[PDB]
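Encoded as structure tokens, the structure appears first; notes follow it.
For the numbers below, each heavy atom of this structure counts, side chains included, while hydrogens, waters and symmetry mates do not. Order of listing sets the numbers, starting from 1, for every ligand and every atom in it. For the single chain, residues carry numbers from 1 onward in sequence order.
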Amino acid sequence: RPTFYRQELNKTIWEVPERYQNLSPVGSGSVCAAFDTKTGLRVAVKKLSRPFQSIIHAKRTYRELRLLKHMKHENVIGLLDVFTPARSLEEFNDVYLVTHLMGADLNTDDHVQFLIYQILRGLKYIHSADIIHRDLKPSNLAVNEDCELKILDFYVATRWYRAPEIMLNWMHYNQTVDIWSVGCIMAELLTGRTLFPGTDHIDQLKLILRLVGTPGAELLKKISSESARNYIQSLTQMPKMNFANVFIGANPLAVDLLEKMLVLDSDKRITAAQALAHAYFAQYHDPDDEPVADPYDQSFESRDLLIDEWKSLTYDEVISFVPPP
Ligand SMILES: CC(C)(C)c1cc(NC(=O)NCc2ccccc2Sc2ccc3nnc(-c4ccccc4SCCO)n3c2)n(-c2ccc(O)c(Cl)c2)n1
Ligand SMILES: Fc1ccc(-c2c[nH]nc2-c2ccnc(F)c2)cc1
């Protein structure tokens, strides 16, 4: 048990071990930048706000801890440490998560190549653990001075980067919803403008269909909902735009990958794994240095437990934590 020290910053109380110094707020749980005396490196510390407030909060607390303990990849946020000032389960009411400080978020062709390659390399790893990020956007991508990138999950509207099938409320979306988001981020980096700046879910889908066209016959037959089909099929039919004309001036290899990431039918979108092998990343692609994840147990997601059961499982996860070397 290390020595903790209490301190208030931005209406939030922070109780951290002595090893963490120079606590500076970055944004509000709530996050602080700090200096790790044990390693000599700058860290990011997330304090979970009211972790066991409800069954939802308690399960969410457990979910984030389980995810962060599992992620061990260069392009994904990982855990340096996890702690609590509580010395017992009974007392256990706060969770603090420690990671590498990158310094900034995401909001040259070689730059876009390097940045998107890193997203895809991190996304190949997350997707291999049967995880869907669901909220890839520039503010969920931590970037250091060296332009090295890490995928995380922390105003720039979420809806702008969301796959059209999610706007349409399809319950059976796949991992390619994340590939869509990558396509939206890549287009924005190449042009300097939000590809689809929808004001709401209806406007968002209108903007998407303007670029990718209205569904073709093969996709239309996959839509079970009568109301979704009535709405979509009542819109004026629109062809898929020529991406070479829309992204005029961009490297034609970047246009080719954009077309593969932004295909309307999710079943026809390129995967992170296939995208990493795309000609656009020839300067970076190494099939022997694009690892996959160890199996991730997400069976807990289907369970309905009491707050104290989620609290106790979280507590065991704090205790069992083993730092990286
Ligand atoms: C594995 C997956 C991607 C699916 C994922 C990740 C998360 N949760 C987090 O990423 N939580 C954030 C976090 C945890 C511990 C310590 C800090 C932070 S936030 C952070 C981390 C590193 C970093 N480096 N630089 C900055 C920074 C400094 C200033 C300005 C911007 C930035 S980066 C942009 C965000 O601040 N850093 C900030 N989850 C997950 C799962 C379940 C949940 O309920 C939640 Cl909330 C998250 N899933
Ligand atoms: F206007 C539309 C119509 C279909 C999509 C869409 C893209 N990929 N998948 C779907 C989809 C949606 C609902 N049910 C399905 F089976 C598949 C997106 C926008």
Side-chain angles (χ1 to χ4, degrees), residues 24-34 42-49 51 56-57 59-73 75-82 95-107 122-123 125-127 129 131-145 148-154 156 162-174 176-178 180 202 204-206 208-209 212-216 218-225 228-229 231-233 235 238 262-269 293 296:
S24 180
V26 296
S28 187
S30 311
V31 183
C32 273
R42 284 234 106 200
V43 295
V45 185
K46 178 188 185 188
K47 175 181 179 199
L48 296 202
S49 51
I56 287 304
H57 261 72
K59 191 172 185 178
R60 173 182 298 131
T61 298
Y62 180 71
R63 183 181 293 113
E64 183 167 27
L65 215 204
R66 284 286 313 281
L67 280 158
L68 268 15
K69 281 184 66 177
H70 193 78
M71 301 299 104
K72 293 185 186 173
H73 186 94
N75 305 112
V76 188
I77 186 173
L79 269 189
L80 272 59
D81 190 19
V82 54
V95 180
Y96 295 84
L97 306 163
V98 186
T99 196
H100 285 106
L101 181 79
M102 298 282 92
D105 68 37
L106 195 73
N107 78 289
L123 200 60
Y125 176 98
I126 96 117
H127 283 179
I131 298 159
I132 302 177
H133 185 104
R134 299 171 215 91
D135 201 21
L136 282 186
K137 61 182 164 177
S139 59
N140 277 336
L141 301 169
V143 187
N144 71 14
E145 274 191 318
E148 292 165 353
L149 180 147
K150 284 181 174 271
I151 300 182
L152 50 76
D153 196 340
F154 192 61
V156 172
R162 213 93 98 150
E165 60 273 29
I166 301 173
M167 230 60 61
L168 203 71
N169 204 225
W170 188 40
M171 197 185 290
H172 299 99
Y173 61 84
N174 53 238
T176 76
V177 301
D178 290 333
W180 184 269
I202 297 167
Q204 187 71 35
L205 184 66
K206 172 242 166 283
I208 289 159
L209 307 177
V212 308
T214 39
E218 187 182 48
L219 174 59
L220 274 180
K221 85 218 285 186
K222 297 181 187 159
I223 314 170
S224 47
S225 173
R229 279 191 332 271
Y231 174 81
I232 299 315
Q233 296 188 268
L235 298 169
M238 288 171 298
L262 301 167
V263 45
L264 184 55
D265 192 344
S266 77
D267 287 332
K268 307 287 174 280
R269 262 118 74 170
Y296 176 62

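In this structure, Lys72 places its NZ atom where only 12 or fewer heavy-atom neighbours from other residues, nucleotides or ligands lie under 6.0 Å away. In the displayed structure, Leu235 atom CG is contacted under 6.0 Å by more than 12 heavy atoms of other residues, nucleotides or ligands.
Here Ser266 contributes atom OG and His172 contributes atom NE2; the two are 12.0 Å apart, rounded to the nearest 0.5 Å. Rounding to the nearest 0.5 Å gives a distance of 5.0 Å between CD1 of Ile232 and CG of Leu168. Here the NE2 atom belonging to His70 is positioned 5.0 Å from the OH atom belonging to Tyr125, to the nearest 0.5 angstrom. Taking CG from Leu106 and CD1 from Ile151, the interatomic distance works out to 11.5 Å, rounded to the nearest 0.5 Å. Taking CG of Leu262 as the reference point, atom OG1 of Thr176 lies at 10.5 Å (rounded to 0.5 Å).
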Apply the test side-chain contact (heavy atoms from CB on, under 4.5 Å) to residues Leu141 and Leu136: give CA-CA distance (whole Å), side-chain angles for both, the deciding distance (0.1 Å), then the verdict. CA-CA 8 Å; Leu141 301 169; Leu136 282 186; 4.2 Å; yes
Go through the steps to decide whether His133 and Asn140 satisfy the test side-chain contact (heavy atoms from CB on, under 4.5 Å), and finish with yes or no. CA-CA 10 Å; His133 185 104; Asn140 277 336; 4.1 Å; yes
Verdict with supporting geometry, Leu48 and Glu64, side-chain contact (heavy atoms from CB on, under 4.5 Å): CA-CA 10 Å; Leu48 296 202; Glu64 183 167 27; 3.5 Å; yes
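Residue nearest to atom 46 (Cl) of ligand 1, selected from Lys46, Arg63, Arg60: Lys46 (by heavy-atom distance). Atom 15 (C) of ligand 1 has its nearest heavy-atom neighbour, among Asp135, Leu141, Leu97, in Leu97. Nearest to atom 32 (C) of ligand 1 by heavy-atom distance, out of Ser139, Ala104, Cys32, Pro138, is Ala104.
Of all the heavy atoms of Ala33, none lies under 4.0 Å from any atom of ligand 1, so neither backbone nor side chain is involved. Residue contacts with ligand 1 for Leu67 involve side-chain atoms from C-beta outward but no N, CA, C or O (heavy atoms, distance under 4.0 Å).
Checked by distance only, ligand 1 and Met102 come closer than 3.5 Å through their nitrogen or oxygen atoms. Note: no N/O pair closer than 3.5 Å links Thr99 and ligand 1 by distance alone. Considering both main-chain and side-chain atoms, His133 never comes within under 3.5 Å of ligand 1 through any nitrogen or oxygen pair.
Ligand 1 lies out of reach of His70, whose nearest heavy atom is not under 4.0 Å from it. No heavy atom of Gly27 sits closer than 4.0 Å to any atom of ligand 1. Not close to ligand 1: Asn140, with no non-hydrogen atom less than 4.0 angstrom away.
For atom 8 (N) of ligand 1, the closest non-hydrogen atom of the protein is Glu64 OE2, 2.9 Å. In this structure, the protein non-hydrogen atom closest to atom 27 (C) of ligand 1 is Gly103 C, 4.1 Å. At the top of the distance list for atom 13 (C) of ligand 1, counting protein heavy atoms only, stands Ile77 CD1, 3.5 Å. At the shortest separation from atom 48 (N) of ligand 1 among protein heavy atoms lies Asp153 CB, 3.8 Å. Of the protein's non-hydrogen atoms, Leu152 CD2, 4.0 Å is the one closest to atom 38 (C) of ligand 1. The single protein non-hydrogen atom nearest to atom 1 (C) of ligand 1 is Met71 CG, 3.6 Å, given as residue, atom name and distance.
Of all heavy-atom pairs between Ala142 and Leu152, the closest is CB-CD2, 3.7 Å. Heavy-atom minimum distance, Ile77 versus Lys150: N-CB, 4.2 Å. Residues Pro164 and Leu205 share a closest heavy-atom pair of CB-CD1, 3.8 Å.
Salt-bridge annotation for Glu165 and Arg269: present, with a side-chain N of the basic residue lying under 4.0 Å from a carboxylate O of the acidic one.
Annotation: side chain of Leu65 is in contact with side chain of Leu79 (closest heavy-atom distance under 4.5 Å).
Below 4.0 Å from some heavy atom of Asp105 lie the following atoms of ligand 1, by number and element: 34 (C). If you number the atoms of ligand 1 from 1 as listed, the ones under 4.0 Å from a heavy atom of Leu68 come out as 6 (C), 7 (C), 8 (N). Residue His100 has at least one heavy-atom neighbour below 4.0 Å for each of these atoms of ligand 1: 22 (C), 23 (C), 24 (N).
Looking at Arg162, its side chain does come within 3.5 Å of a backbone N or O of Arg134 through a donor-acceptor pair.
Taking a heavy-atom cut-off of under 4.0 Å, ligand 2 is surrounded by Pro164, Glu165, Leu168, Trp170, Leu205, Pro215, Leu219, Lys222, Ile223, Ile232, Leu264, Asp265, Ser266.
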